[PDB]
Structures are given as structure tokens and as C-alpha cells.
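Structural overview for review
Single-letter residue listing:
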Amino acid sequence: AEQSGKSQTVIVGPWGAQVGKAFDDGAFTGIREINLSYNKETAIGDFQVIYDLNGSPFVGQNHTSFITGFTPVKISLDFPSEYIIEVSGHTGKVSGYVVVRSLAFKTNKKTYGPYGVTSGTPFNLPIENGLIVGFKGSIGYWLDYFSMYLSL
Amino acid sequence: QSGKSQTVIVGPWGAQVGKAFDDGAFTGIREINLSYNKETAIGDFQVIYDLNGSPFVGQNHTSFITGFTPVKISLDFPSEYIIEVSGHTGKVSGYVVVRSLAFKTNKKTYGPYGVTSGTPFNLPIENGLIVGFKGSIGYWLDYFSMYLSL
Amino acid sequence: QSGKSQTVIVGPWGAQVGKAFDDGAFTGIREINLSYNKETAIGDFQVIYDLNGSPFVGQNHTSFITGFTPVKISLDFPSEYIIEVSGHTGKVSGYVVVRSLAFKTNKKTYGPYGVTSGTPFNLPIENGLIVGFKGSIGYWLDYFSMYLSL
Amino acid sequence: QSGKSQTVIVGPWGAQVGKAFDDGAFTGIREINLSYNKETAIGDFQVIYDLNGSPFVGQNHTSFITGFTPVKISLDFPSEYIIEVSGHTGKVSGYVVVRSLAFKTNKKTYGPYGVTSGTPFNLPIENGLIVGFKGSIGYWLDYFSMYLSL
């Protein structure tokens, strides 16, 4: 715009450890599906997103835990009629690491979750105007932290 | 289209729905004037915004009651700006309200002001700026939302 | 980083170099007051913006000379908004200036005002809004740019 | 609202009302492949975009006819980006089409390609980025618009 040839986006977060393998999907035009895994005794594990990109699906990279034992869930949204209006969860320590222990996704149609352990410090991000269009974060044994790209 | 510019709004935090207020969006923030009671919650709320390099004095949004302690948060705009807003929500006399607020800038932390009990919330901003507030105030700040931009 | 909100800006049209002006960005446009001369170019330029539902009177940016004809463009904000800005640039007394302007809204066309000779320019807006003007005025409007948003 | 993000779009330039196309918006531009004829107008048009740090190959939008000369505009992304797009529109075989295009970056000028006669247009960008193209191509590029963002 004035420095780089790369577009910018509002980003909120991170929630979780304040600094696993870092990831950054970047920003897209919407969200079609979220694939995550969790363990009821620990925290969030795997995280993957199928985005919308100008009216067609774009399959995000799978960001995988270093360990197994998680329960997978597929959140398939009725895109574009259905979209996320609130993301909430919990952070807290597992084996001495601050991690994202639970996630819940509220859309204009229903609530998905919570997934994981609803113990620790709550966080929540309601969106009154705008859309979540991207995720970044880090995953080791568990999801360490994450941030969200927001746009109009 | 609507003929009016639109911006990302996050929130509300607080009661899920006093007198509603909506400052709209500006260029940045110069000063926040709020009041609080250490037994109850946040009371009055008022903001001096930046508007294209000049101050714009926002309306004073006032609680229906008094007894609050005022505080003035004067930012060194534009080198100083808010990078995280946090606080607590919980019930006061049966009403869900914003019990405390804290504002962290790239320079220091203002607060927490109010009662630090209830459900915590926090909004860190990795990329972007807060440029406006809206919400509702009765006896106390019932809820609030924030305008975000690049 | 900057602590100040950012907006897309397109332009400038005119001289690629008077007294510079920059209104910054607002919520929308309520009224444009400009002056022109049918043998030279655009002279004075002033805008009443919308700012979160209330009018905001921009500074009057005036030519160094007189002899211009004023026109007031009062828009039915917010149902009426600009969807295309067009005009001409060309030399006057050796200076590259904005010689004419026309504003097309979703309701009507205002103009062209001034001299319709030289190099045409036009900015149709398929999605978005003009929310601010900047430029420079000496004897005539030397150049101008526009703030664009959603 | 809808579940789909939106961006500023300026245009169209060209015929006002072939096969329509719309690439949508991305995070930048890496390469433009177009074709032209120095007797007629712009023909084929294709873009390699940036999508979050990786190339995204846009569909090739093709003229119904041949006889065009291809050109590859390979930008040093992200150091190099477009700061002005300009061209001409005018009648070819009775159709209003985009007769020429030129792309100015912060490093160099590419073009003009095609026929530089008719009505000029130009879009300088003072702040922001072009991140997508849409339009229509028959025998020639009928019109086009550009997605703009910060």
C-alpha cells in the first residue's frame, strides 16, 4: 500500500501462551469448514480449515498435534448463509504449558462445542459486524495459541 | 448500498442485548474518561477521539446514579495506542454489567478500574486499532463494543 | 504502528507535484461546495461530510484569486451517494490543473463544472464510498485525491 | 450480512452496461499475462496472484480470436507493486473496448500495450493495493474493474 505489495488485515489475539510448530493460514474470503480435534482430559489438538476463496473452497493445511489420542470433529457450515458470530474458549496449563484448552464456535444458526476442557481462563470474541477469515497460531502437543484475521 | 462507511465491530461484552450509546468510528483515541465504583462496576464513559489529526470530543455517557470515582486516561497519541482491552463482567443487583476495565497500550497499563471479579474477557490486537466505542449505560455500564480498523 | 487509522486513497489527478489541503476520512458526504471559471479551471473546494450521523463542516479551501462561480451540491445523504467522479486536467497559464469536475450519484449527475477540455479522467466506484478529499489549491485546483472505503 | 468478505472495487472502464470474468480478491499480484494487437485492442488477460505468500494462478481469460502478441509482466513481488493503471477505451468494429493498458509500478513502467487512442483513463493509487481483476472479454477486453485494499 505504502511499503509492501502484500495486503493487510485486522488480526485479534493471540489467546493462549504469550510468546510448538507455528502456523499462519493468512486471510481468505470466508469459512466453509473447521476440522479440529480435542481430548476431554487435556486440550485442543489438531486444527484445519477449509476456507472460501472467491466462491470456491480452499483447503487449508492440516496443523497437527505431535501426539495422538484426540477426538476429531468436523464443523461443516452452510456457507455463505451461515457464518461464525462468536468464538470462545479457555486457556490454562497442561503439563506446565499454557495452551488453548477448549474452543466453541457460535454461528448465526447454532453453536458448535465446546470442545475440549472448559477449565482455566475464559476468553470470548463476539463479532457484531464483520467476519473471521483466517487463523494463525501454534501447535505442539496441544494448540498453544491462536489469533484470528477479521474483515468486512 | 447504505451511503455510510462501515467498519469491523467486536463485542458486545456485558449483558446480552439502560441508555444505548454509539460514538461511531474515528481516526484514533486521545483520551478516555471513565468512572468506577469499587463495590459495583463501571459507571460513566466518555472519549476524546482523534479525527484526522484534531481532537473530537465524544458525548459524555453517564450513569443514572452517582457515587463513582472518575479517572482520566490521557494517551500520547499517536505514538501511544491501545493494544489490549480487558476486564470483567458479572451481576450487580441482578444485572449483568461490565464490572472492570483495563487498557494496555504499547507504553503502559491503565487500570484495572472497578471490581475484578466475575467472568474475565480480553481483546488483544495483533494488527489494527480501536477507533470507536458503543454500548449501553443504566446504573452501570451494561455492555460495550469496539470499532476496529487498520 | 502509526496509531492512526488508514484508508485507501486514489489519485492524485492534476499536477504531479498552491496550498495543500487534506480533509482526511469521514463517514460519508452531505454537500460539496465548489467554484469554477468557464475559461480557466476549478477554484474553491469545500465539503460538508457526514461524521457518524452528524454533519461535519470541512475547511473552505479557497483560490488565491476571485472571479469564480459557486455551485452547491447538496446530496440527499445517506440514500444519495456519489458513484462516479470525472473531469478534465490541462494546462492553464503553464500550470497543470483540474479544469472540470462532474459528480454522478445514484440519483443524478452534477456538472460538468468548469472547462471540459484537456485530458479526461473518471473514477467509477463499483463497490465502496468516497469519504474524503485532499489536494492543493493555488490560483486553481492543482490536484486532488479521494479517500475510499467500504 | 453474508458470510462472504467484500472489498472496494473501482471501475468498470470500457463498455458500460463477451464472456464475463471475475477473479475475486487476493493478497497481491505476482505476474500479469496479457495479449494485445497494435491495430485493435487488448485481447487475452491472466493474472498470477499472491495468496498469503504463495502464488495463485488465475484462470486464463481468452479472446474469442487470435492474432495477438503476448506479454509477460513479472513483478518482483513483494518489493514491486502497481501504483498506477492507465489505458484507453474506444470503438473497435462498433464495440466499446479497452484498447490499451499500461501498468506503472514503484520500479518501472510496463506498456502501453495495444492502441493508445480513444478516451484515456487512469487510476493512480496513493495508498493501497490492487488485489484482483474482473471484466469481460469477447473479441477484445470489453471492460474491466479492479479490487482495491490496504
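Residues numbered from 1 in each chain as written, not as in the entry; some residues may be left out. Chains lettered and ligands numbered in written order. Heavy atoms only, no water. Residues with missing side-chain atoms left out of burial classes, pairs and counts.

This deposited entry lists X-ray crystallography as its structure determination method and 1.8130 Å as its resolution.

Of the regular secondary structure elements, chain A holds zero helices and twelve strands. Put simply, chain A runs from its N terminus to its C terminus through helices and strands in the order β-β-β-β-β-β-β-β-β-β-β-β. Counting only C-alpha atoms and orienting by the principal axes, one finds that chain A spans roughly 45 × 40 × 25 Å. (Helix = DSSP H or I, 4+ residues; strand = E, 2+ residues; numbered from the N terminus.)

Moving on, we come to the interface of chain A and chain D. Taken together, the contacts link 28 residues of chain A with 27 residues of chain D. When residues of the side of chain A that touches chain D are traced back to their parent elements, those giving at least two are β4 (44–53), β10 (121–129) and β11 (131–139) of chain A. (Contact = heavy atoms within 4.5 Å.)

The next thing to look at is unusual backbone geometry. Cis geometry marks the peptide bond from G13 of chain A to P14 of chain A; its omega dihedral reads 5°. Positionally, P14 of chain A belongs in strand β1 (residues 10–16). With omega at 0°, the peptide bond leading from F77 of chain B into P78 of chain B counts as cis. Positionally, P78 of chain B belongs in the loop between β6 (69–74) and β7 (82–92). Of note in this structure, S93 of chain B is not a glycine but carries a positive phi near 45°. Given a relative accessible area of 63%, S93 of chain B falls into the exposed group. (Buried < 20%, exposed > 50% of the residue type's maximum accessible area, 1.4 Å probe, protein only.)

As a further point, take the sheet that holds strand β6 (residues 71–76) of chain A. Residues and elements named next belong to chain A. Ordered by their spatial adjacency, four strands build an open sheet running β5-β4-β3-β6, and the pairing between neighbours is antiparallel. The outermost strands of the open sheet, each flanked by one partner alone, are β5 (56–59) and β6. Between one strand axis and the next, the sheet turns by 20° as a mean value, whatever way the strands run. Of the strand pairs in this sheet, strand β3 (residues 30–38) and β4 are connected by seven bridges, and their pairing is antiparallel. Residue pairing in the sheet places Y38 in a bridge with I44 of β4. (Pairing = 2+ DSSP bridges. Axes fitted to C-alpha atoms, helices over the stretch in contact; angles between N-to-C directions.)

Once that is clear, we can look at the sheet that holds strand β2 (residues 19–22) of chain B. Taken in spatial order, the eight strands of this open sheet run β9(A)-β8(A)-β7(A)-β10(A)-β1(B)-β12(B)-β11(B)-β2(B), and their pairing is antiparallel. Among the strands making up the open sheet, the edge pair consists of β9 (111–116) of chain A together with β2 of chain B. This sheet shows a mean twist of 20° between the axes of neighbouring strands, independent of strand direction. By the bridge criterion, five bridges tie strand β1 (residues 8–14) of chain B to strand β12 (residues 141–149) of chain B in an arrangement that is antiparallel. By the bridge assignment, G14 of chain B is partnered in β12 of chain B with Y143 of chain B.

This part is about the layout of surface pockets. One number sums up the size of the second largest pocket: a volume of about 340 Å³. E84, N122 and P124 of chain C together with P12 and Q16 of chain D are the residues nearest the centre of the second largest pocket, which is lined by 18 residues in total. For the lining of the second largest pocket, the secondary-structure elements that each account for two or more residues are β7 (82–92) and β10 (119–127) of chain C together with β1 (8–14) and β10 (119–127) of chain D. The class makeup of the residues in the lining of the second largest pocket is nine nonpolar, six polar and three charged. (1 Å grid on protein atoms, 1.4 Å probe; cavity = no way out; pocket = protein on both sides within 12 Å on 5 of 7 lines; lining within 4 Å. Points joined across faces, edges and corners; volume = space filled by probe spheres on them. Nonpolar A, V, L, I, M, F, W, Y, C, P; charged D, E, K, R; others polar.)

Residues and elements named next belong to chain D. Tracing the backbone through its elements, the reader meets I42 in strand β4 (residues 42–51). The buried category is assigned to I42, whose relative accessible area is 0%. Placed 72 residues apart in sequence, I42 and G114 show a C-alpha to C-alpha distance of 5.8 Å.

Residues and elements named next belong to chain C. Take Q46: it is sitting in strand β4 (residues 42–51). Look at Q46 and you get buried, because its relative accessible area is 8%. Separated by 98 residues in sequence, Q46 and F144 have C-alpha atoms that sit 12 Å apart. Sequence-distant contacts of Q46, defined by excluding residues within four places in its chain, comprise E31, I32, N33, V57, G58, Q59 and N60. A polar contact of 3.1 Å, which involves the side chain of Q46, links it to the backbone oxygen of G58. (Polar contact = N/O pair within 3.5 Å; in protein donor to acceptor, adjacent residues only side chain to side chain.)

The next thing to look at is the packing of aromatic side chains. Per the stated rule, a full pass over the model turns up 37 aromatic pairs over all chains. Between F45 of chain B and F133 of chain B, the aromatic rings sit 5.1 Å apart at their centres with planes inclined by 65°, giving edge-to-face as the arrangement. With a gap of 88 residues between them, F45 of chain B in strand β4 (residues 42–51) and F133 of chain B in strand β11 (residues 129–137) connect regions that are remote in the sequence. Neither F45 of chain B nor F133 of chain B differs from the other in exposure class; each is buried. Taken together, a centroid distance of 5.7 Å and an interplanar angle of 55° make the contact between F121 of chain D and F144 of chain D tilted. Here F144 of chain D lies in strand β12 (residues 141–149) and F121 of chain D lies in strand β10, a separation of 23 residues in the sequence. There is no split in this pair, since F121 of chain D and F144 of chain D are both buried. Taken together, the ring pairs in this structure connect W15, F123 and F146 of chain A into an aromatic cluster. (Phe/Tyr/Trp six-rings, centres within 6.5 Å; stacked < 30°, edge-to-face > 60°.)

Okay, the pattern of salt bridges next. The full count for this structure, using the stated rule, is 17 salt bridges over all chains. Put simply, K72 of chain C and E31 of chain C hold a salt bridge, and the shortest N to O gap is 2.9 Å. With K72 of chain C in strand β6 (residues 69–74) and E31 of chain C in strand β3 (residues 28–36), this pair connects stretches of sequence that are 41 residues apart. On the accessibility criterion, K72 of chain C (53% relative accessible area) is exposed. Here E126 of chain C makes a salt bridge to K134 of chain D, at a shortest N to O gap of 2.7 Å. Within this pair, whereas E126 of chain C is found in strand β10, its partner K134 of chain D is found in strand β11 (residues 129–137), the two belonging to separate chains. According to the relative accessible area criterion, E126 of chain C is partly exposed, its value standing at 34%. A cluster of three or more residues bridged by salt bridges with shared partners is formed by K6 of chain A together with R30 and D50 of chain D. (Salt bridge = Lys/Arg side-chain N within 4 Å of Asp/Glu carboxyl O.)

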